[PDB]
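Chain naming follows the written order as A, B, C, D, E, F, G, H, I, J and K, and within any one chain the residues start at number 1.
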Amino acid sequence: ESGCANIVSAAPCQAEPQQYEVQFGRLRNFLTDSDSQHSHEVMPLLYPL
Amino acid sequence: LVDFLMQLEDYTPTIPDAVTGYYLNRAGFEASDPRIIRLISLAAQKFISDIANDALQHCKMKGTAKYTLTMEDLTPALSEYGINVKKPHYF
Amino acid sequence: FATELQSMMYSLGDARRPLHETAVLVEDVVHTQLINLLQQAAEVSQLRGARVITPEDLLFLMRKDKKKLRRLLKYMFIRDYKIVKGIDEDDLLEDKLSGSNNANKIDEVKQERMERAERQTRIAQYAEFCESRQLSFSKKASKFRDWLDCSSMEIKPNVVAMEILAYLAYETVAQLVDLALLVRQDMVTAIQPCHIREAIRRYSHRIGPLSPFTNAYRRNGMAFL
Amino acid sequence: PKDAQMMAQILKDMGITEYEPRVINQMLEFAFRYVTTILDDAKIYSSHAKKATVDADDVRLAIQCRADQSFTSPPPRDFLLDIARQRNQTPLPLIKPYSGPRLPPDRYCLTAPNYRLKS
Amino acid sequence: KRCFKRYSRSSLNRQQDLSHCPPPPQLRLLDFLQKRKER
Amino acid sequence: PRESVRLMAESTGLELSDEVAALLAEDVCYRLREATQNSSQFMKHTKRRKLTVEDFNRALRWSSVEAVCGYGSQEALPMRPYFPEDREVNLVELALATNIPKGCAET
Amino acid sequence: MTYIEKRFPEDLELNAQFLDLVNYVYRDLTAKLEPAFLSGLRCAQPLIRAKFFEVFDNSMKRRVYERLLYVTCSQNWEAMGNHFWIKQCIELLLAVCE
Amino acid sequence: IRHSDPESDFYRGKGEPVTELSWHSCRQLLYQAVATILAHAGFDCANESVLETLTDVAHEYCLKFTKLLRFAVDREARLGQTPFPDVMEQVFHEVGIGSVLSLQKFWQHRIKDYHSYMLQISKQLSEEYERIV
Amino acid sequence: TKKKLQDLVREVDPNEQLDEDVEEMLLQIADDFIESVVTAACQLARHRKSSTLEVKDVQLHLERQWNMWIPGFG
Amino acid sequence: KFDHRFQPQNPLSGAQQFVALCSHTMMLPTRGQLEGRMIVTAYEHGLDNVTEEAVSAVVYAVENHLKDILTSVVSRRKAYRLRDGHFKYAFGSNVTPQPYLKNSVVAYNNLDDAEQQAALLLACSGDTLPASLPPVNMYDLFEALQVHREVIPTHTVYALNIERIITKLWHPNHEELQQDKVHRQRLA
Amino acid sequence: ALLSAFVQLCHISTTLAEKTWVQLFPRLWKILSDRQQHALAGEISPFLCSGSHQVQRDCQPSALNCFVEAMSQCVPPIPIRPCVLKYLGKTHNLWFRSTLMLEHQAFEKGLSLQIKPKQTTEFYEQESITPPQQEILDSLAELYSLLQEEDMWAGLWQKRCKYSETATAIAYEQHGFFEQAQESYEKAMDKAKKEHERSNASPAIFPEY
């Protein structure tokens, strides 16, 4: 982990004024519907994001 | 009139089944049924007969301006197919 | 020479005012094939021993396919009568080297050509088709002598091989147009020069024996048609 | 028969002491075919060179073309290193012990019957 | 690793390459629509 | 050496200079030495130490070189000092004279 | 062969006499009179049909599947273009019965 | 009437395995097979190396054809779909044979027609002998 | 723009698709083909009289190893 | 004993000096883009009088070479028919009949009205539901070069590319298959 | 004597002869085991496509109408290549019979209609280019269009459609409102033009364009 860099060079260096809420908005729509068995280990992930 | 099944019976092969069958064994085939190993022999016959007929044409136009096969009747017949053979005649 | 080309393309499937640069490309392809035909016949004459083109040389080169043999027999029988010595020469040449097939005299190619020719006359188009007949290498001969026979130092055609090459060039154009139509068929499911270029590429790559897994069986003089 | 002795000596120099009498003639035929082809390649280069005599530089180009296509050799010491470099970032799958040597998934195996033929 | 290559600044071949492109032969009414509007 | 190159060069049709055959002979030696090295890898690794005709053919096949066709496996082609091959034999008596398909190969 | 019955589809004795000639030579190369043989199975008389059926049944084997292939691939029904030829197929599938 | 009767062991893959031979015995049969077919072409004498060259070319042709079939068989064993309805139909296409249905025309025009033509010459010369003597 | 990769596929087979990773390999195949031809052409260019020109005529003599013939003038 | 064995000559020692792309653009090289590459590679060899016909010949040579590659690849996955020898024209449907059917034999011997003839080709052989093949992956092109070996005779071009082809081989493992199953059991 | 006399009655009566064939062919089919049926099934397909059966096209009593009807009550399924049924039910008066067997076939083979809920970005298997049960549905749609049964044809397209405007335009046109349907078609055409440029030809919808 000493200086891990995989997508660091390919970072999304775009302006994109309107990407975060539309992307994160898609997260709640797919991860909270029609999924209960694989949701208990990923529901906490939406909190720090 | 008649289907290809008994027409396959009518052919009289020259190469024995122990030669074509051994070729399949080398490549990893059983060679244990009579029916598949007749076309390879026929295909081999067609490949050699075409060269043989081509050599006959060259031999019958040699010096007419018994039949002996030499390199003069072989290196031009093999040239169209891509076979290049050149053997020294001395030393 | 382009005026003769413009008239003969009307009898083919690329009629109704085709382009002129396409015929130039056809002329260049035909010229190269005829030069190769002259070059390829040189070794046969050298191998034979004679210093002149024998009448059997032109049929000895075209000994592979029998369908084209039938058309040559047709052209030397009916159209070559309006003769007596050539009929016996062909029979003597046929009996000179034959085992089972050549000692004989539906092809699905010429019948298609005549059916296509009749289809073009259904569209006065019939009058135009009739006037376009016998306009290929038949009205003039001085200019056709200049187009061919660049060096002509060792072996030259005397009287008869001059017309045989003209007929072969006409058959080369007919086969070249036929290949162009075959390529155009793949397009739907005036001919662009991309069609003839693909036909040449497909005609160059053969499927000869001992081809796979080896890059040593290279290519030589492709053909003469 | 002076070529027979040197060819045996060449095989002896490589640690081979037992052979067949027909391979020696095969290499002589190979040598004859090799030079005859390269001389013909010199002729076409000399004929394309619009020169009467045959120069020595045409042979150098002719043998250069022969080694370009008619001989096979892997790229040494530089290209295979790049392959390991571009694949060095590939990770390793985890080991999940169920029964030991599992097999690649179904379809990507040599177990499939012909669609046309049926019962 | 493959889809990042088509999202990390690849619009030069997507919104500039594909502009003013002739329509496919399957749709032959768009050209008629354009001609009617222009005329 | 260099005299052998000149002899078959004469049969080709044109002679060669004395300063060209030396490099050409060196090229031939390098190719044959490399061919023997390639044939050695197929040879000393299966289980054997004896040279065979097929091993040399396999080396040519994998080196994009035409395989030599015309030499069998039995010991033939004698030299009596000169490569005569005028053995005019008839194929009539050689068609069906003595044949047996018995292999007798068991493990 | 096909130039006799085309213009008189009305004769009863001339056609019968001609078919009497057709089936007599069949019983005795001349194996290309397919239109002549197939036209005699339908024209005017059951007795002519019965006579032509005897040489049409005795020329084969008394098998079910072999006759099934005959009426599909071997036999061509190009001769009669304006007749319900399945009636002839009933004869073949019932002549192999006990 | 000749139609394939499906009552035998030949219509299926049932058959007696071919006896295994060695390299020494296989080459002799190749020499014998090549010699007979060349004499059928119209020849009466030939050299030994010329025969050896032809056998090696035929041996290499058979090896390449058989090897090409093997890559065809194992390639479809993992996919399940075939471009051509027959594996044997496919391999002829890369080799140069148009189809298996072209073998009957080759056999008819090179064996039956040759034999019928060859017999007529013998009959014609027999009449010449009867006329002269 | 024009004739990137898809129209060449239609030029041979109307119904054929190529994977995303296959397209770049074909361009590199063409890229290597371009360099091999020009390097060999320049080698022949320096062979005429130690250097003359990039000549279409000598390119025809070069294509004998590729078993191809251009329909050009020649 | 061991000193008599030679060592292979390293081809890496002999290189050219360097004193002073058309790969990521997804383009075939046009006339203008190739001009810059020819002039920069001719300065090292010392060439003058840049012409125009040579550029066109190179472009058409590339076009023909790429067509040969795609023709070779498709031919290993689809059927075709031969006209008067080596010519491939169909590259299409199943008009080729099955040779083990006597109806195909008489049809082969034989060779409003146009539609029935199409039926004789498109409906005399095949299956009820002909399933198409997946798109060409990195495996099909890899095997196509192994068998033919005729498209690229040069070793300097064929070799360096074939190992890059090997490194691009990929197929989903067991773990991803459940995700496809889970997604398929969600939409239903 | 009964068999010979029954044959004679079949000669004089065409209705009796055709009804006997329909009632006899399935009964003779059951006698054969699973050894010659497969060979006959693959051999009869060219017979239905043979060129000698076009003479009786104008005859209302046809030797092909009841021939195909006979091979429909057999409990062993017989391969037919139902693409021929579109041509057979066009000249020999086989309109409704061909449609009924098409509905008997294309409902139990896959148990799923072609709708493509998602795009080709989440699926990592890449089954095939052409989805299964595509040619048979196109032939079935053609038969409905030729029969001028728009109510049944509209229902088929409302399920196999991909765009949300093609089926919507058809539903508008089904009950008047031609101007609104025409605008909906235009909204469908330019919407596909926006997506067609970004990707390949996508041979999944041939006759929708």
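Here is the rule we use: contacts are C-beta pairs under 8 Å (C-beta built on N, C-alpha and C of every residue); 3 or more make two chains touch, one makes a residue touch a chain.
Engineer: Give me the step distance from chain C to chain I, shortest route via touching chains only.
Structural biologist: 1
Engineer: Comparing J-K against D-J, which pair counts more contacting C-beta pairs?
Structural biologist: By the number of C-beta pairs in contact, the winner is J-K.
Engineer: Find the most central chain, measuring centrality by the gap between its CA centroid and the centroid of all protein CA atoms shown.
Structural biologist: J
Engineer: Could you please state the distance in Å, as a whole number, between where the Cα atoms of chain E are centred and where those of chain J are centred?
Structural biologist: Here the centre of chain J sits 27 Å away from the centre of chain E.
Engineer: Using the average of all C-alpha atoms in each chain as its centre, how far is it in Å between chain A and chain I?
Structural biologist: Roughly 46 Å separates the two chain centres.
Engineer: Would you kindly tell me how far, in whole Å, the mean C-alpha position of chain G lies from that of chain E?
Structural biologist: Distance between chain centres, rounded to whole Å: 68 Å.
Engineer: Could you list which residues of chain I touch at least two other chains?
Structural biologist: 1, 4, 11-13, 17, 21, 43, 65, 67-68, 72-73
Engineer: Check each residue of chain C and list the ones that touch at least two other chains.
Structural biologist: Those would be 99, 186, 189, 197-198, 201, 205, 207-216, 218.
Engineer: I need the residues of chain K touching at least two other chains; which ones are they?
Structural biologist: 36, 43, 46-47, 129, 201, in rising order.
Engineer: In their shared complex, at which residues does chain D touch chain J?
Structural biologist: Touch residues, chain D against chain J: 13-15, 68-69, 71-80, 83, 86-87, 93, 102, 105, 108, 115-116.
Engineer: Given the complex with chain K, which residues does chain J contribute to the contact?
Structural biologist: Those residues of chain J that touch chain K are 98, 101-104, 107, 115-116, 119-120, 122-124, 126-135, 172, 176, 179-180, 183, 187.
Engineer: Considering the complex alone, what residue numbers of chain E touch chain I?
Structural biologist: The contact residues of chain E facing chain I are 2, 6, 17.
Engineer: Inside the complex, what are the residues of chain F that reach chain H?
Structural biologist: Of all residues in chain F, those touching chain H are 67, 69-73, 85-92, 94-95, 99, 101-103, 105.
Engineer: For the complex, give me every residue of chain E touching chain A.
Structural biologist: 4, 7-9
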